[PDB]
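To start, the structure itself, in structure tokens.
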Amino acid sequence: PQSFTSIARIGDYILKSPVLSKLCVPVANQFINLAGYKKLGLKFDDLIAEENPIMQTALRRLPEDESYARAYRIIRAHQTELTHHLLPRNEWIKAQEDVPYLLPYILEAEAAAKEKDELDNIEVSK
Amino acid sequence: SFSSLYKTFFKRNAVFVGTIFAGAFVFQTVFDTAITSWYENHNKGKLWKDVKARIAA
Amino acid sequence: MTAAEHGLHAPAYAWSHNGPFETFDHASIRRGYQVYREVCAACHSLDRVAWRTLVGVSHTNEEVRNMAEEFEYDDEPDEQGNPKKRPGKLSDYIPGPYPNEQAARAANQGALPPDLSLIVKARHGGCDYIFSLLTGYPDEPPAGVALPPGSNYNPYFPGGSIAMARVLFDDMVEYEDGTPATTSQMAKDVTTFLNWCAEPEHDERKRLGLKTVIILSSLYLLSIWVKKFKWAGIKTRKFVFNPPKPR
Amino acid sequence: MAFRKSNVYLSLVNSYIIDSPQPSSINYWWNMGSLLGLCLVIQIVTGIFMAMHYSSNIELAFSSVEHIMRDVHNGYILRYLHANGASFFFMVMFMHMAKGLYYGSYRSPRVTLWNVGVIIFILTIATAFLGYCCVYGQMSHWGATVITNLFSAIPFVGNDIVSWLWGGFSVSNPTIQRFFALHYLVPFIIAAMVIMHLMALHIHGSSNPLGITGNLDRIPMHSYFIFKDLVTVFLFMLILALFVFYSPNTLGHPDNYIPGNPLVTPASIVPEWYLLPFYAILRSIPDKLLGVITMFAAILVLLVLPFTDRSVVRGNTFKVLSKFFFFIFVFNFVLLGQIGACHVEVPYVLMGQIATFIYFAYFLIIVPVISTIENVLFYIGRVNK
Amino acid sequence: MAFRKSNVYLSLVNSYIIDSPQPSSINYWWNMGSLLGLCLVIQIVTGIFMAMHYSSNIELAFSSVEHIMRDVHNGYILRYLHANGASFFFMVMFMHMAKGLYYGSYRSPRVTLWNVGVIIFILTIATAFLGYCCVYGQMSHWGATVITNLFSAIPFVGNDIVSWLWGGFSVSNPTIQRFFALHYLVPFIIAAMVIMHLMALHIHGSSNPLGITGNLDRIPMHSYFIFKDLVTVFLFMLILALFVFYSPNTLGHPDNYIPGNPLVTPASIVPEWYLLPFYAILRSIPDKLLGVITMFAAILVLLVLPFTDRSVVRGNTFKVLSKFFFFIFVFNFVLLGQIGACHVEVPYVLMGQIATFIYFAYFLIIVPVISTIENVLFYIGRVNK
Amino acid sequence: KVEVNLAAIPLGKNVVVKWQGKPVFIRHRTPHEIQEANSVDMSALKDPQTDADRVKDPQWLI
Amino acid sequence: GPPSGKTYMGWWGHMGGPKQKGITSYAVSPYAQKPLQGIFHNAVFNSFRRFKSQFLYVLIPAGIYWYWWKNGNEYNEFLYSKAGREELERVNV
Ligand code: HEC
Ligand code: HEM
Ligand code: HEM
Ligand code: HEM
Ligand code: HEM
């Protein structure tokens, strides 16, 4: 329930700084490797919890081929952990392949919902 | 002959559960007898009938 | 707190009923009933144990009939309403020495002897605590204790000062099977008898536990097989993905 | 359509246990709910068959319990099964709650499920306390005395409500008969709340250990999870049979075989082992009103959990700091339980205060900070600018 | 949508009591069900608050009841409320069943509802018999002995099932403690069966006194039938407060104020008034095995009613012979109840035998023949040929 | 409200009665330590107290 | 009854996931399979893989709390000994 605009704001302030990007990005990459969702054949945007209207609009607005790829990666992850194994090492999601694909859709749906709730509580300056 | 075995024991469910109940009957009886004989034999000289036969001699 | 007021811990003796297939040694229960009746029955009671529970465990029927008839219980009154006594039967409970708590506290200098029919389940230590307590009276209380009068030293008792003196001395009870009745022999037998008095279900409980553990481990392994059989189709399921042509 | 769907009752049976779509990825930690239902059936049936022989006066409670233990047939089986089954019930309930806290089962669709679970937790704590008090041993009298006497710290009404709880002026025959009637009652309230637990579960289905959606592949509950439940059912029955037939008094306290005495205090008054962490939380506050407020807040802090979890990913499967601090919380609970069985002595009160602070800083300080740090790490580890 | 629909629990409450579409034509006989719900809640609450003071041994049962009467604050209110509320529960339940077999509610869409009703009726009879046996008066004890020694007529296992019921060899301390544990227990089974009664009702909805379909105009249950039920609730509470406060031992027998004595028979052993017709049915047969078979058949003959009703229109609203023989059946039941309270003297055994035969000939002979005759009269009164 | 009383009690012995769940001293008061009781500390102890409000009876403690 | 609110799980046919295209699944009858296949390989190699992955998370807090408990227990045993009374009085008051 942290909004992705907050995460993106803190993350962009980290990434555009010279000093703490070169400190904080290696510990993030080690965190990503130790997380081990890639060993199950999942990108990170398959991990975002989808039972909220923002993620439902983002998954509805996601294009058709990306949605089929996401559905296969989820079904393969369920089938993999059902057998208590991992995917073989040639089937792991590589680091250049782990892209944020759902993130622009989530960000525009979140900006639309925040603009909606700012306009619903608007006050004219009379 | 596994075919005749299947057709007389596992084909109909009625004879299947009848065999399960008959086996449970005889299993319960002889399993109780086997456990009680092993228990009384493992505790030899400690039981009351052993003590009673000792004090009756 | 201090190990004095904790009490020294009783060590682990090799009881003949320790172990999951073991049974009470019934000859030692019979001898322990003799030790209770000739020494322990002067102060402690056994009012949870009926006479009929002894038949077929430590004595025969005639022996428990005679040991019950040597006592007097209250009968229902006569046709004139006066109270009447009765020789004991198998249905009655083992009587205690004192008629109330006040006679006990009067006869034992204030202290009350606990009822011994649950005392090995009521003390942390089990039979080892009872054995170490009965045999653990030093000849002298160690150098520097302020022992109050009427109290004795036993380090297994929490605090040290117990209001029960040493009551087990050698050859104070003759056994009718000729066992040499030392202090440790009598303490072993009376502790086995007290453990039977606390848990008279012990042997059948362990026998039923053998049957139950065998049947349940059979069922557990067999259910592991039946689960793996029913789940084989889902464990060995393969997924292929050909990306659809765009339209 | 099939008769198992066309019927009024059989469609309920079908929709809950036969055709109910479960996520295929769920592991053996998802058998704890079926296990708790079996535990509840065990407790209710053995309790009825002992209440057919139990008398609830202050004079006859203890000796009626030994009348169950000594001269009714298989009565030791019933009493050891009821007592060790209550303890196994609480162990399996702690596993159910710690699974739900690990895998994020408290999160956004299932908060009503989490809250009905917390209500169930409170009611079975109350049931187990009353049933301990019905034995009327030495531990149960003085446990009843301490826990009931804690309500005297309420500043205007406390003496009147503790006299109303007691039915008199101390724990006596009215208190024991009240506690027996309530210990008989509250399990049916627990069964109704279990039906409501299942009703809140059924509208969204179970979660899965990935935390991602499970709407994609699902298998019915019949002949997959029926037998996967049966595995742990037989394993639980085996371990319970060990504790009932070979070590029946290990999880108990030996002071309950002394009959209850208002005149002798047993010099170390502890409750049963599963109430020991909350007893240590209560003891570690140097006050009485703040102590009872802190124990009740320690049970009610589990409701703050869906609002302090600040992460976009459901569960701790793919987070490393959340896994580390979860196991810090679990062994903090175990240390708190071990501290609650020790005396009020010198290192233990500071250990109890620090462990209480860790218990409350997990839900309120550690989880938000760690989860937002993990959010920012998940972002900047894989986006480049 | 509204929050009362978009919830889990409020959806059930809304669907059953708020937006439930009732036929607008239903008269005041359609309040007996909500009345039985109120009665059940009365019995459960007053029984719990008396079980907080009841001791169930044979030497303490009767005196614990008088301890409730004389020593507990407002305890005479609780005891008189429980006893007269049990009898009022049975009068309202007889009205519910008589409405059901007057208006044809047993018929083909609602046969499972009728059968769940018959199960509820058997369970309430058992609950009240056990609760009358718990007070351990003189009618209580000897009623327990004659009703349990009924079961010794089974020619193979009868002595062992009666020695299993008694817990010994006649009605004593195990029997009374058993009957208390069961008299608690069976009301919660009744609450579960009432939930199943409502579930079986809810699929097709209630009938109406016309017997035609009620699908055409319907009224939500809130704000119309809530207040139409409130009218009968206040009337029922008024009449019950009359019998509790001004006339409390009227429906009871005076011999339950003699303590139970196994050596003195009270020279006319009769149960409570509502079990008198089944007692007269049992007493009419000159054999014990056939007597209990005929009593259980007299209450299981309510199941042959949806198969012996041979007419095309539902209910007796528009039939004259069905109305006449219905009220013959009702006053036969009242005469049977009055025969069951008399001794076995010379006109009464013949009157009870003929009334038992009329009771059985209603379901098995009178309803088919009168249904067929009314069918062909309805045909040839209006078709021309 | 129990009414246990005094004329059958000399001193040489304590009474500790228990009633209403109340274990409680009751004892005749000696001269010897009626003014050892008025010999006491006031707050070289934990006890800034008054024996007049504690025991209103001069000769009988409870 | 009336329809209730929108949920996140339907039933068989209308679960509520995305549309699925291009995913083909294959499975064999269990009656044609070997159950208990690979149990002696998974019992030693897969068990070690799962243990190696998930044991620092469990055993570092267990080590911390067990060392804390043993140290507090040793201090409590020292304080109520003859050698450590002269710290016990200045420690408690
Ligand atoms: C005479 C008086 C006796 C005799 C012959 C025995 N006992 Fe013992 N006992 C007695 C008193 C007054 C007390 C109370 C002491 C106290 O302050 O607690 C006891 C105590 C016990 C205990 C309890 C120990 C404990 O509380 O941990 C046990 C156990 C016990 N006694 C057993 C026992 C046995 C087995 C004897 C065998 C001959 C025996 N006692 C003798 C008084 C007396
Ligand atoms: C919610 C489930 C229940 C729990 C957790 C529970 C817990 C307990 C516990 C811990 C005890 C003490 C056992 C001991 O220490 O010796 C106990 C005793 C008892 N319980 Fe329960 N109980 C439950 C359900 C029931 C029910 C439903 C009944 C009655 C029908 C019941 C009847 C009893 C009785 C009669 C005792 C008496 C003492 C004894 O025999 O142990 N219990 N209960
Ligand atoms: C009487 C005790 C209980 C019973 C019978 C019970 C029953 C169940 C059952 C059968 C399930 C579904 C199977 C599963 O997911 O494990 C479940 C799920 C759940 N229960 Fe319980 N439960 C009980 C107590 C609790 C408690 C005390 C909590 C927590 C406070 C709780 C929280 C949950 C949660 C969160 C889930 C969903 C887990 C998930 O699927 O992600 N339950 N319960
Ligand atoms: C289904 C609803 C119930 C019915 C029909 C019912 C019926 C009865 C009846 C007829 C009596 C005898 C009254 C007398 O003559 O003195 C009775 C007594 C009793 N019932 Fe119930 N009862 C019900 C529910 C309950 C419940 C749930 C409890 C327990 C919580 C309970 C506790 C008692 C007790 C303690 C007595 C003792 C004797 C007395 O105080 O009158 N009842 N019951
Ligand atoms: C604890 C006892 C009972 C309760 C709480 C109960 C509850 C209800 C309720 C609330 C209704 C709907 C309102 C009404 O139609 O009057 C109803 C309807 C019905 N009940 Fe009962 N009932 C009980 C006992 C019985 C019995 C003993 C029978 C008959 C064997 C029975 C048969 C019916 C029938 C046939 C209906 C439908 C009547 C109709 O609407 O046409 N019930 N019940």
Side-chain angles (χ1 to χ4, degrees), chain C residues 7 35-36 38-44 104 107-109 111-114 116 119-120 123 129-130 133-134 151 156-158 161-165 167-168 186-187 190-191 194, chain D residues 39-40 43-44 46-51 54 56 61 64-65 68-69 78-79 82-83 85-87 89-90 123-124 127-132 134-135 137 140 180-181 183-188 190 252 256 272, chain E residues 39-40 43-44 46-51 54 61 65 68 78-79 82-83 85-87 89-90 123-124 127-135 137 140 180-181 183-188 190 252 256 272:
Chain C
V35 178
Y36 160 79
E38 300 204 0
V39 194
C40 279
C43 317
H44 312 260
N108 318 299
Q109 311 178 16
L112 162 68
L116 288 187
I119 207 65
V120 309
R123 292 297 178 272
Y129 167 71
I130 310 298
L133 178 89
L134 289 180
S151 315
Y156 301 100
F157 190 73
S161 299
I162 186 156
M164 179 167 61
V167 300
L168 281 170
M186 273 179 313
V190 77
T191 317
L194 288 192
Chain D
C39 285
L40 191 69
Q43 294 293 283
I44 290 181
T46 58
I48 290 156
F49 278 93
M50 287 187 314
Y54 178 76
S56 57
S64 64
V65 164
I68 287 147
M69 286 285 303
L78 300 194
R79 188 186 170 257
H82 193 103
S87 181
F89 179 88
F90 270 80
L123 290 178
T124 71
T127 306
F129 173 74
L130 301 162
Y132 201 42
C134 301
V135 169
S140 75
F180 179 56
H183 170 80
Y184 203 120
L185 165 68
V186 187
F188 293 118
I190 287 157
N256 273 285
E272 279 270 26
Chain E
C39 282
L40 191 75
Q43 295 302 281
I44 287 177
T46 54
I48 282 168
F49 279 95
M50 284 195 305
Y54 184 80
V65 164
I68 290 159
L78 301 199
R79 185 186 180 259
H82 195 95
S87 183
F89 179 98
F90 288 144
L123 287 182
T124 57
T127 292
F129 172 77
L130 302 171
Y132 192 56
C133 283
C134 293
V135 70
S140 165
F180 179 55
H183 170 73
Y184 193 101
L185 173 71
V186 192
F188 278 79
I190 284 166
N256 263 265
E272 278 270 13

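First listed ligand is number 1; within each ligand, the first listed atom is number 1. Quick note on labels: first sequence line is chain A, next is B, and so on, each numbered from 1. Values below: every heavy atom of this structure, side chains too, minus hydrogens, waters and symmetry copies.
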At under 4.0 Å between heavy atoms, what of C/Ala42 touches ligand 1? The answer is neither

Interatomic distance, NE2@C/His44 vs CE@C/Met164, rounded to 0.5 Å, equals 5.0 Å

### Within 6.0 Å of OH in C/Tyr129, more than 12 heavy atoms from elsewhere
yes

So the atoms of ligand 1 within less than 4.0 Å of a heavy atom of C/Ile119 turn out to be 29 (C)

In this structure, CZ of C/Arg123 is separated from CG of C/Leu194 (nearest 0.5 Å) by 11.5 Å

- Query: Checking side-chain contact (heavy atoms from CB on, under 4.5 Å) for the pair D/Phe90/D/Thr124: CA distance, chi angles, key distance, verdict?
  - Reply: CA-CA 9 Å; D/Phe90 270 80; D/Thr124 71; 3.8 Å; yes

### Query
Heavy-atom contact under 4.0 Å between E/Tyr184 and ligand 4?
yes

In this structure, CD1 of D/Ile68 is separated from CG of D/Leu78 (nearest 0.5 Å) by 8.0 Å

One finds that the ligand 1 atoms under 4.0 Å from a non-hydrogen atom of C/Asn108 are 2 (C), 12 (C)

Quiz item: Where do C/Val39 and C/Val190 land on the side-chain contact (heavy atoms from CB on, under 4.5 Å) test, with the steps shown first?
Solution: CA-CA 10 Å; C/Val39 194; C/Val190 77; over 6 Å; no

E/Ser140 side chain to E/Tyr132 backbone, donor-acceptor under 3.5 Å: yes

For C/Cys43, the atoms of ligand 1 under 4.0 Å from one of its heavy atoms are 1 (C), 2 (C), 3 (C), 4 (C), 5 (C), 42 (C), 43 (C)

Note: ligand 1 atoms sitting under 4.0 Å from heavy atoms of C/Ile130 are 29 (C)

Heavy atoms of D/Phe180 and D/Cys134 approach each other most closely as CA-SG, 3.6 Å

The closest protein heavy-atom partner of atom 15 (O) of ligand 2 is D/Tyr132 CD1, 3.7 Å

In this structure, CG of C/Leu168 is separated from CE of C/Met186 (nearest 0.5 Å) by 5.0 Å

Scanning both residues in full, the closest heavy-atom pair of E/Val65 with E/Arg79 reads CG1-NE, 3.4 Å

Residue, atom and distance of the protein heavy atom nearest atom 13 (C) of ligand 2 read D/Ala83 CB, 3.8 Å

Output for pair (C/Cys43 SG, C/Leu112 CG), nearest 0.5 Å, gives 11.0 Å

With heavy atoms and a 4.0 Å threshold, my read on which part of C/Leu134 contacts ligand 1 is side chain

E/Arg79 versus ligand 4: do any nitrogen or oxygen atoms come within less than 3.5 Å of each other? yes

protein heavy-atom neighbour closest to atom 35 (C) of ligand 2 works out as D/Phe180 CE1, 3.9 Å

- Task: Answer with yes or no whether D/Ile48 contacts ligand 2, where contact means a heavy atom under 4.0 Å from a ligand atom.
- Result: yes

For atom 18 (O) of ligand 1, the closest protein heavy atom turns out to be C/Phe157 CZ, 3.6 Å

With rounding to 10 degrees, C/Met164 SD, atom 8 (Fe) of ligand 1 and C/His44 NE2 define an angle of 140°

Going by the 4.0 angstrom heavy-atom rule, the piece of C/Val39 near ligand 1 is both

At under 4.0 Å between heavy atoms, what of C/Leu168 touches ligand 1? The answer is neither

(Q) Heavy-atom contact check, 4.0 Å cutoff: does C/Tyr36 meet ligand 1? (A) no

One finds that the ligand 1 atoms under 4.0 Å from a non-hydrogen atom of C/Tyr129 are 24 (C), 25 (C), 27 (O)

Here the gap from C/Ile119 atom CD1 to C/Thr191 atom OG1, rounded to the nearest 0.5 Å, amounts to 12.0 Å

Practice prompt. Determine, step by step, whether D/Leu185 and E/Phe188 satisfy the side-chain contact (heavy atoms from CB on, under 4.5 Å) criterion, reporting the C-alpha distance in whole Å, the side-chain angles of both residues, the deciding distance to 0.1 Å, and the verdict.
Written response: CA-CA 10 Å; D/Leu185 165 68; E/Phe188 278 79; 4.0 Å; yes

The closest protein heavy-atom partner of atom 36 (C) of ligand 1 is C/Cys40 SG, 2.4 Å

Protein N/O/S atoms closer than 2.8 Å to atom 21 (Fe) of ligand 4, ordered by chain and number, come to E/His82 NE2, E/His183 NE2

Note: ligand 1 atoms sitting under 4.0 Å from heavy atoms of C/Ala163 are 12 (C), 15 (C), 17 (O)

for atom 22 (C) of ligand 1, nearest protein heavy atom and its distance come out as C/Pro114 CG, 4.0 Å

Check: of C/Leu112, C/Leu194, C/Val190, min heavy-atom distance to atom 14 (C) of ligand 1 comes from C/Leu112

Atom 28 (C) of ligand 1 sits nearest the protein heavy atom C/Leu116 CD2, 4.0 Å

Ligand 2 atoms nearer than 4.0 angstrom to some heavy atom of D/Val65 are 38 (C)

On a heavy-atom basis, the closest approach of E/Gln43 and E/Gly85 is NE2-C, 3.2 Å

Correct closest heavy-atom pair for E/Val135 and E/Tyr54 would be N-OH, 4.3 Å

### Message
If you apply the rule side-chain contact (heavy atoms from CB on, under 4.5 Å), what do you find for E/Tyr184 with E/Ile48, and how did you get there?
### Response
CA-CA 9 Å; E/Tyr184 193 101; E/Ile48 282 168; 4.1 Å; yes

